[PDB]
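Novice: Supplied structure: upload.cif, mmCIF, C-alpha atoms and all ligand atoms.
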```cif
data_data
loop_
_atom_site.label_atom_id
_atom_site.label_comp_id
_atom_site.auth_asym_id
_atom_site.auth_seq_id
_atom_site.Cartn_x
_atom_site.Cartn_y
_atom_site.Cartn_z
CA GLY G 1 43.34 -38.01 -41.36
CA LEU G 2 41.08 -34.95 -41.43
CA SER G 3 40.32 -32.72 -38.47
CA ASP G 4 36.74 -32.28 -37.22
CA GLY G 5 36.79 -28.81 -38.81
CA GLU G 6 37.91 -30.27 -42.13
CA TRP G 7 35.21 -32.95 -42.10
CA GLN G 8 32.63 -30.26 -41.40
CA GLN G 9 33.85 -28.35 -44.45
CA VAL G 10 33.78 -31.51 -46.60
CA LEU G 11 30.18 -32.24 -45.62
CA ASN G 12 29.15 -28.60 -46.06
CA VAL G 13 30.57 -28.64 -49.60
CA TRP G 14 28.77 -31.94 -50.20
CA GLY G 15 25.47 -30.13 -49.52
CA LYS G 16 26.06 -28.47 -52.93
CA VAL G 17 26.35 -31.87 -54.61
CA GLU G 18 23.22 -33.21 -52.88
CA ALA G 19 21.02 -30.39 -54.24
CA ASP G 20 21.72 -31.70 -57.76
CA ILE G 21 23.35 -35.11 -57.55
CA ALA G 22 22.62 -36.12 -61.18
CA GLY G 23 23.88 -32.79 -62.62
CA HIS G 24 27.06 -32.91 -60.59
CA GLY G 25 27.51 -36.63 -61.41
CA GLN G 26 27.02 -36.06 -65.13
CA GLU G 27 29.50 -33.12 -65.20
CA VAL G 28 32.09 -35.11 -63.23
CA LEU G 29 31.93 -38.05 -65.68
CA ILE G 30 31.93 -35.73 -68.71
CA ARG G 31 35.03 -33.93 -67.34
CA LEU G 32 36.67 -37.34 -66.77
CA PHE G 33 35.81 -38.72 -70.22
CA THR G 34 36.68 -35.59 -72.21
CA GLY G 35 39.98 -34.94 -70.38
CA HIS G 36 40.98 -38.61 -70.39
CA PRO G 37 39.35 -40.57 -73.26
CA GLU G 38 41.05 -43.81 -72.19
CA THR G 39 38.70 -43.85 -69.20
CA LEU G 40 35.64 -44.04 -71.48
CA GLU G 41 37.06 -47.33 -72.85
CA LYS G 42 36.63 -48.94 -69.42
CA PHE G 43 32.85 -48.53 -69.78
CA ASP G 44 31.38 -50.78 -72.47
CA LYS G 45 28.08 -48.96 -71.88
CA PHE G 46 29.61 -45.54 -72.65
CA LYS G 47 32.20 -46.19 -75.35
CA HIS G 48 29.50 -45.49 -77.99
CA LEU G 49 29.61 -41.86 -76.80
CA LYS G 50 31.70 -40.27 -79.52
CA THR G 51 30.99 -36.61 -78.69
CA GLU G 52 30.34 -34.48 -75.60
CA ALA G 53 26.86 -33.67 -76.99
CA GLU G 54 26.09 -37.40 -76.96
CA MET G 55 27.48 -37.60 -73.39
CA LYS G 56 25.34 -34.63 -72.31
CA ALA G 57 22.25 -36.19 -73.92
CA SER G 58 22.86 -39.63 -72.38
CA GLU G 59 20.34 -40.29 -69.62
CA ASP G 60 22.23 -43.46 -68.65
CA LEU G 61 25.41 -41.41 -68.09
CA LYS G 62 23.45 -39.13 -65.74
CA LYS G 63 22.11 -42.26 -64.04
CA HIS G 64 25.63 -43.62 -63.52
CA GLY G 65 26.73 -40.18 -62.28
CA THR G 66 24.05 -40.45 -59.59
CA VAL G 67 25.26 -43.97 -58.63
CA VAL G 68 28.87 -42.78 -58.38
CA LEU G 69 28.33 -39.65 -56.30
CA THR G 70 25.79 -41.43 -54.06
CA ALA G 71 28.44 -44.07 -53.30
CA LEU G 72 31.09 -41.37 -52.68
CA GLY G 73 28.70 -39.35 -50.50
CA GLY G 74 27.99 -42.36 -48.28
CA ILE G 75 31.74 -42.86 -47.90
CA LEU G 76 32.38 -39.20 -47.04
CA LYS G 77 29.64 -39.19 -44.39
CA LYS G 78 31.62 -41.91 -42.56
CA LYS G 79 34.38 -39.33 -41.99
CA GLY G 80 37.16 -41.85 -42.65
CA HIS G 81 35.46 -44.78 -40.85
CA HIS G 82 34.69 -46.27 -44.25
CA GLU G 83 36.34 -49.72 -44.41
CA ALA G 84 33.04 -51.59 -45.02
CA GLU G 85 31.97 -49.10 -47.72
CA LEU G 86 35.34 -48.75 -49.42
CA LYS G 87 36.54 -52.39 -49.47
CA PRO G 88 33.88 -53.67 -51.99
CA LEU G 89 34.43 -50.68 -54.29
CA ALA G 90 38.19 -51.17 -54.25
CA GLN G 91 37.67 -54.84 -55.08
CA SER G 92 35.14 -54.34 -57.89
CA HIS G 93 37.22 -51.57 -59.46
CA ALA G 94 40.47 -53.56 -59.35
CA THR G 95 39.22 -57.06 -60.14
CA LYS G 96 36.13 -56.57 -62.27
CA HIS G 97 36.42 -53.14 -63.89
CA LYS G 98 40.25 -53.02 -64.07
CA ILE G 99 40.50 -49.33 -63.20
CA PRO G 100 44.08 -48.17 -62.56
CA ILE G 101 44.49 -45.95 -59.47
CA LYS G 102 45.55 -43.11 -61.83
CA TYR G 103 41.94 -42.97 -63.07
CA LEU G 104 40.78 -42.40 -59.46
CA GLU G 105 43.23 -39.49 -59.39
CA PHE G 106 41.61 -38.21 -62.60
CA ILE G 107 38.08 -38.42 -61.18
CA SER G 108 39.20 -36.74 -57.89
CA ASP G 109 40.59 -33.84 -59.94
CA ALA G 110 37.34 -33.78 -62.01
CA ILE G 111 35.29 -33.36 -58.78
CA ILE G 112 37.38 -30.33 -57.71
CA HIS G 113 37.04 -28.82 -61.21
CA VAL G 114 33.26 -29.36 -61.36
CA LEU G 115 32.75 -27.83 -57.89
CA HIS G 116 34.54 -24.66 -59.02
CA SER G 117 32.72 -24.68 -62.37
CA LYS G 118 29.25 -25.00 -60.84
CA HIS G 119 29.92 -22.78 -57.80
CA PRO G 120 32.49 -20.17 -58.91
CA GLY G 121 33.49 -17.98 -55.96
CA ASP G 122 31.55 -20.24 -53.60
CA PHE G 123 34.15 -23.02 -53.16
CA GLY G 124 36.66 -21.33 -50.86
CA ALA G 125 40.33 -22.11 -50.28
CA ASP G 126 39.56 -23.84 -46.93
CA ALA G 127 36.78 -25.87 -48.61
CA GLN G 128 39.05 -26.94 -51.48
CA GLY G 129 41.72 -27.97 -48.93
CA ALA G 130 39.26 -30.10 -46.94
CA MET G 131 37.61 -31.75 -49.97
CA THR G 132 41.03 -32.48 -51.52
CA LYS G 133 42.13 -34.15 -48.23
CA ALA G 134 38.94 -36.28 -48.19
CA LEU G 135 39.46 -37.34 -51.81
CA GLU G 136 43.09 -38.19 -51.12
CA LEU G 137 42.10 -40.29 -48.10
CA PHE G 138 39.56 -42.12 -50.27
CA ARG G 139 42.20 -42.67 -53.00
CA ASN G 140 44.87 -43.71 -50.53
CA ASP G 141 42.65 -46.28 -48.78
CA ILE G 142 41.60 -47.73 -52.19
CA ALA G 143 45.32 -47.87 -53.12
CA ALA G 144 46.02 -49.98 -50.02
CA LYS G 145 43.38 -52.49 -51.23
CA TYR G 146 44.82 -52.39 -54.77
CA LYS G 147 48.26 -53.23 -53.37
CA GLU G 148 46.79 -56.16 -51.42
CA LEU G 149 45.37 -57.45 -54.73
CA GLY G 150 48.59 -56.71 -56.66
CA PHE G 151 46.56 -54.66 -59.09
CA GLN G 152 48.83 -52.44 -61.26
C1 LIG K 201 34.66 -41.56 -56.92
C2 LIG K 201 35.19 -42.69 -57.42
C3 LIG K 201 34.26 -43.81 -57.93
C4 LIG K 201 33.16 -44.28 -57.32
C5 LIG K 201 32.59 -43.81 -55.96
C6 LIG K 201 32.60 -45.33 -58.15
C7 LIG K 201 31.45 -46.03 -57.85
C8 LIG K 201 30.90 -47.05 -58.60
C9 LIG K 201 29.74 -47.85 -58.26
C10 LIG K 201 28.91 -47.68 -56.97
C11 LIG K 201 29.56 -48.73 -59.26
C12 LIG K 201 28.48 -49.83 -59.35
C13 LIG K 201 28.84 -50.96 -58.37
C14 LIG K 201 30.19 -51.61 -58.63
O1 LIG K 201 30.38 -52.17 -59.76
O2 LIG K 201 31.06 -51.59 -57.70
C15 LIG K 201 30.60 -48.52 -60.25
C16 LIG K 201 30.76 -49.21 -61.43
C17 LIG K 201 31.74 -48.99 -62.39
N1 LIG K 201 32.81 -48.10 -62.33
FE1 LIG K 201 33.11 -46.84 -60.79
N2 LIG K 201 33.41 -45.46 -59.28
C18 LIG K 201 34.43 -44.54 -59.18
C19 LIG K 201 35.44 -44.35 -60.11
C20 LIG K 201 35.55 -44.98 -61.33
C21 LIG K 201 36.50 -44.63 -62.37
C22 LIG K 201 37.52 -43.47 -62.27
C23 LIG K 201 36.31 -45.45 -63.42
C24 LIG K 201 37.13 -45.39 -64.75
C25 LIG K 201 36.67 -45.89 -65.88
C26 LIG K 201 35.23 -46.38 -63.04
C27 LIG K 201 34.71 -47.41 -63.78
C28 LIG K 201 33.59 -48.16 -63.49
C29 LIG K 201 33.02 -49.16 -64.38
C30 LIG K 201 33.54 -49.60 -65.76
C31 LIG K 201 31.81 -49.71 -63.64
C32 LIG K 201 30.82 -50.77 -64.14
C33 LIG K 201 29.78 -50.04 -64.97
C34 LIG K 201 28.80 -51.03 -65.56
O3 LIG K 201 28.99 -52.28 -65.52
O4 LIG K 201 27.78 -50.55 -66.09
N3 LIG K 201 34.80 -46.04 -61.78
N4 LIG K 201 31.39 -47.48 -59.82
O1 LIG K 202 32.00 -43.63 -62.77
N1 LIG K 202 32.57 -44.42 -62.01
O2 LIG K 202 31.92 -45.43 -61.69
#
```
Write the structure described by the file as structure tokens, please.

Specialist:
Amino acid sequence: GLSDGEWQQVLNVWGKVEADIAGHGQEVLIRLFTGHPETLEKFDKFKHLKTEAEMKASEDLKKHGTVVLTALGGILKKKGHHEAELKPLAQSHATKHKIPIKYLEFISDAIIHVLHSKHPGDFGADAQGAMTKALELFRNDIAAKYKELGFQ
């Protein structure tokens, strides 16, 4: 788990995301899709996006970015007490969307990259430690649900 201090850092960092949820969301998905094109194939509604320019110009991608980070933000604000929030996401992502846990690793890494990219010099070593711990906890709890379902 995370310490109280670590949770406070996580939620302080998240303040940055909340000032521009769509912009952060868009950049996270673009980072995911460009670094790992196989992930784009999981989205029927985005696999028409051939180029990063098309991704950047896609208002629906920005919209989905907002949905994703809003969901994650709600989870983070539970400070690990997130069973009710996490269970349905784990189940939809395993059973409906067929998203291997590796792709959740990819998007976790994308979040860290985007935070540094948008806030260079303002995402300190302690902050990166705390956010990484929160993202791992999220991933690990999803993985438990994936194992239950025998997914991958
Ligand atoms: C931070 C981690 C993630 C969060 C919080 C998240 C959140 C969400 C939410 C709230 C939805 C809509 C409700 C639902 O279907 O459950 C959704 C849909 C979806 N997610 Fe995720 N997601 C994450 C990671 C991923 C990753 C890495 C992929 C890889 C491709 C993915 C693929 C999809 C797909 C294909 C849909 C359905 C889109 C549609 O039908 O239009 N998700 N996600
Ligand atoms: O973008 N993940 O839903």

Novice: Hey, which of G:48, G:97, G:77, G:82 ends up closest to ligand LIG 201 (chain K)? Count all atoms listed in the file.

Specialist: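 Of G:48, G:97, G:77, G:82, the one nearest ligand LIG 201 (chain K) is G:97, counting all atoms listed in the file.
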
Novice: Please check which protein, DNA or RNA residues sit within 10 Å of ligand LIG 201 (chain K), counting all atoms listed in the file, and write them as a PyMOL selection string.

Specialist: chain G and resi 25+28-29+32-33+36-46+60-61+64-75+85-94+96-108+110-111+135+138-139+142

Novice: Based on the selection just made, write C-alpha atoms of those residues as a PDB file, keeping the file's coordinate frame.

Specialist:
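See again.pdb below for the written result:
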```pdb
ATOM      1  CA  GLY G  25      27.510 -36.630 -61.410  1.00  0.00           C
ATOM      2  CA  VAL G  28      32.090 -35.110 -63.230  1.00  0.00           C
ATOM      3  CA  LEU G  29      31.930 -38.050 -65.680  1.00  0.00           C
ATOM      4  CA  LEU G  32      36.670 -37.340 -66.770  1.00  0.00           C
ATOM      5  CA  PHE G  33      35.810 -38.720 -70.220  1.00  0.00           C
ATOM      6  CA  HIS G  36      40.980 -38.610 -70.390  1.00  0.00           C
ATOM      7  CA  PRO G  37      39.350 -40.570 -73.260  1.00  0.00           C
ATOM      8  CA  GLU G  38      41.050 -43.810 -72.190  1.00  0.00           C
ATOM      9  CA  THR G  39      38.700 -43.850 -69.200  1.00  0.00           C
ATOM     10  CA  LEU G  40      35.640 -44.040 -71.480  1.00  0.00           C
ATOM     11  CA  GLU G  41      37.060 -47.330 -72.850  1.00  0.00           C
ATOM     12  CA  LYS G  42      36.630 -48.940 -69.420  1.00  0.00           C
ATOM     13  CA  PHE G  43      32.850 -48.530 -69.780  1.00  0.00           C
ATOM     14  CA  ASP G  44      31.380 -50.780 -72.470  1.00  0.00           C
ATOM     15  CA  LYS G  45      28.080 -48.960 -71.880  1.00  0.00           C
ATOM     16  CA  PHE G  46      29.610 -45.540 -72.650  1.00  0.00           C
ATOM     17  CA  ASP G  60      22.230 -43.460 -68.650  1.00  0.00           C
ATOM     18  CA  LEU G  61      25.410 -41.410 -68.090  1.00  0.00           C
ATOM     19  CA  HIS G  64      25.630 -43.620 -63.520  1.00  0.00           C
ATOM     20  CA  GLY G  65      26.730 -40.180 -62.280  1.00  0.00           C
ATOM     21  CA  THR G  66      24.050 -40.450 -59.590  1.00  0.00           C
ATOM     22  CA  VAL G  67      25.260 -43.970 -58.630  1.00  0.00           C
ATOM     23  CA  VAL G  68      28.870 -42.780 -58.380  1.00  0.00           C
ATOM     24  CA  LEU G  69      28.330 -39.650 -56.300  1.00  0.00           C
ATOM     25  CA  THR G  70      25.790 -41.430 -54.060  1.00  0.00           C
ATOM     26  CA  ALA G  71      28.440 -44.070 -53.300  1.00  0.00           C
ATOM     27  CA  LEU G  72      31.090 -41.370 -52.680  1.00  0.00           C
ATOM     28  CA  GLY G  73      28.700 -39.350 -50.500  1.00  0.00           C
ATOM     29  CA  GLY G  74      27.990 -42.360 -48.280  1.00  0.00           C
ATOM     30  CA  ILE G  75      31.740 -42.860 -47.900  1.00  0.00           C
ATOM     31  CA  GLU G  85      31.970 -49.100 -47.720  1.00  0.00           C
ATOM     32  CA  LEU G  86      35.340 -48.750 -49.420  1.00  0.00           C
ATOM     33  CA  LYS G  87      36.540 -52.390 -49.470  1.00  0.00           C
ATOM     34  CA  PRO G  88      33.880 -53.670 -51.990  1.00  0.00           C
ATOM     35  CA  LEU G  89      34.430 -50.680 -54.290  1.00  0.00           C
ATOM     36  CA  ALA G  90      38.190 -51.170 -54.250  1.00  0.00           C
ATOM     37  CA  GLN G  91      37.670 -54.840 -55.080  1.00  0.00           C
ATOM     38  CA  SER G  92      35.140 -54.340 -57.890  1.00  0.00           C
ATOM     39  CA  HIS G  93      37.220 -51.570 -59.460  1.00  0.00           C
ATOM     40  CA  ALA G  94      40.470 -53.560 -59.350  1.00  0.00           C
ATOM     41  CA  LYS G  96      36.130 -56.570 -62.270  1.00  0.00           C
ATOM     42  CA  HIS G  97      36.420 -53.140 -63.890  1.00  0.00           C
ATOM     43  CA  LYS G  98      40.250 -53.020 -64.070  1.00  0.00           C
ATOM     44  CA  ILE G  99      40.500 -49.330 -63.200  1.00  0.00           C
ATOM     45  CA  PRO G 100      44.080 -48.170 -62.560  1.00  0.00           C
ATOM     46  CA  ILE G 101      44.490 -45.950 -59.470  1.00  0.00           C
ATOM     47  CA  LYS G 102      45.550 -43.110 -61.830  1.00  0.00           C
ATOM     48  CA  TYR G 103      41.940 -42.970 -63.070  1.00  0.00           C
ATOM     49  CA  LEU G 104      40.780 -42.400 -59.460  1.00  0.00           C
ATOM     50  CA  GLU G 105      43.230 -39.490 -59.390  1.00  0.00           C
ATOM     51  CA  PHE G 106      41.610 -38.210 -62.600  1.00  0.00           C
ATOM     52  CA  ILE G 107      38.080 -38.420 -61.180  1.00  0.00           C
ATOM     53  CA  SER G 108      39.200 -36.740 -57.890  1.00  0.00           C
ATOM     54  CA  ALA G 110      37.340 -33.780 -62.010  1.00  0.00           C
ATOM     55  CA  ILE G 111      35.290 -33.360 -58.780  1.00  0.00           C
ATOM     56  CA  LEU G 135      39.460 -37.340 -51.810  1.00  0.00           C
ATOM     57  CA  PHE G 138      39.560 -42.120 -50.270  1.00  0.00           C
ATOM     58  CA  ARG G 139      42.200 -42.670 -53.000  1.00  0.00           C
ATOM     59  CA  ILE G 142      41.600 -47.730 -52.190  1.00  0.00           C
TER      60      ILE G 142
END
```

Novice: Return as AutoDock Vina command-line options the centre and edge lengths, in Å with one decimal, of the box along x, y and z that encloses every atom of region 74-84 of chain G in the file, padded by 3 Å per side.

Specialist:
```
--center_x 32.6 --center_y -45.4 --center_z -44.6 --size_x 15.2 --size_y 18.4 --size_z 13.4
```

Novice: Please report the interatomic distance between CA of residue 51 (chain G) and CA of residue 95 (chain G) in Å with one decimal.

Specialist: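 These two atoms are separated by 28.8 Å.
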
Novice: Report, in Å to a single decimal, how far apart CA of residue 18 (chain G) and CA of residue 123 (chain G) are.

Specialist: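 Atom-to-atom, CA of residue 123 (chain G) and CA of residue 18 (chain G) are spaced 14.9 Å apart.
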
Novice: For the atom pair CA of residue 6 (chain G) and CA of residue 129 (chain G), what is the interatomic distance in Å to one decimal place?

Specialist: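 Value for the CA of residue 6 (chain G)-CA of residue 129 (chain G) distance: 8.1 Å.
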
Novice: Counting only C-alpha atoms, which residues have an atom no more than 12 Å from (34.2, -26.0, -61.6) in the file's coordinates? Please list them as a ChimeraX atom specification.

Specialist: /G:24,27-28,31,109-124,128

Novice: Residues near residue 52 (chain G), anyone? I mean within 9 Å using all atoms listed in the file, not counting same-chain ones fewer than 3 positions away, as an mmCIF file with C-alpha atoms, keeping the file's coordinate frame.

Specialist:
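Saved the output as selection_31.cif:
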```cif
data_model
loop_
_atom_site.group_PDB
_atom_site.id
_atom_site.type_symbol
_atom_site.label_atom_id
_atom_site.label_comp_id
_atom_site.auth_asym_id
_atom_site.auth_seq_id
_atom_site.Cartn_x
_atom_site.Cartn_y
_atom_site.Cartn_z
ATOM 1 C CA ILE G 30 31.930 -35.730 -68.710
ATOM 2 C CA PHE G 33 35.810 -38.720 -70.220
ATOM 3 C CA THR G 34 36.680 -35.590 -72.210
ATOM 4 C CA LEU G 49 29.610 -41.860 -76.800
ATOM 5 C CA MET G 55 27.480 -37.600 -73.390
ATOM 6 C CA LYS G 56 25.340 -34.630 -72.310
ATOM 7 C CA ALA G 57 22.250 -36.190 -73.920
#
```

Novice: Looking at G:63, G:35, G:5, G:10, which one is nearest to ligand LIG 202 (chain K), with distances taken over all atoms listed in the file?

Specialist: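 Ranked by minimum distance to ligand LIG 202 (chain K), first place goes to G:63.
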
Novice: Would you kindly identify which residues have an atom no farther than 9 Å from (31.0, -33.9, -49.4), using all atoms listed in the file and the file's own coordinates, and write them out as a ChimeraX atom specification?

Specialist: /G:7-18,72-73,76-77,131,134

Novice: Could you take the residues named above and write them with C-alpha atoms, as a PDB file, in the frame of the given file?

Specialist:
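Once everything was written out, this is part.pdb:
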```pdb
ATOM      1  CA  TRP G   7      35.210 -32.950 -42.100  1.00  0.00           C
ATOM      2  CA  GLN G   8      32.630 -30.260 -41.400  1.00  0.00           C
ATOM      3  CA  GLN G   9      33.850 -28.350 -44.450  1.00  0.00           C
ATOM      4  CA  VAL G  10      33.780 -31.510 -46.600  1.00  0.00           C
ATOM      5  CA  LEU G  11      30.180 -32.240 -45.620  1.00  0.00           C
ATOM      6  CA  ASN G  12      29.150 -28.600 -46.060  1.00  0.00           C
ATOM      7  CA  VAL G  13      30.570 -28.640 -49.600  1.00  0.00           C
ATOM      8  CA  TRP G  14      28.770 -31.940 -50.200  1.00  0.00           C
ATOM      9  CA  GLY G  15      25.470 -30.130 -49.520  1.00  0.00           C
ATOM     10  CA  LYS G  16      26.060 -28.470 -52.930  1.00  0.00           C
ATOM     11  CA  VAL G  17      26.350 -31.870 -54.610  1.00  0.00           C
ATOM     12  CA  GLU G  18      23.220 -33.210 -52.880  1.00  0.00           C
ATOM     13  CA  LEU G  72      31.090 -41.370 -52.680  1.00  0.00           C
ATOM     14  CA  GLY G  73      28.700 -39.350 -50.500  1.00  0.00           C
ATOM     15  CA  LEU G  76      32.380 -39.200 -47.040  1.00  0.00           C
ATOM     16  CA  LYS G  77      29.640 -39.190 -44.390  1.00  0.00           C
ATOM     17  CA  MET G 131      37.610 -31.750 -49.970  1.00  0.00           C
ATOM     18  CA  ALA G 134      38.940 -36.280 -48.190  1.00  0.00           C
TER      19      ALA G 134
END
```

Novice: Determine the nearest neighbour of ligand LIG 202 (chain K) from the options G:78, G:26, G:2, G:141, counting all atoms listed in the file.

Specialist: G:26

Novice: Which one is closest to ligand LIG 202 (chain K): G:62, G:81, G:50, G:145? Count only C-alpha atoms and all ligand atoms.

Specialist: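 Closest to ligand LIG 202 (chain K) of all the choices is G:62.
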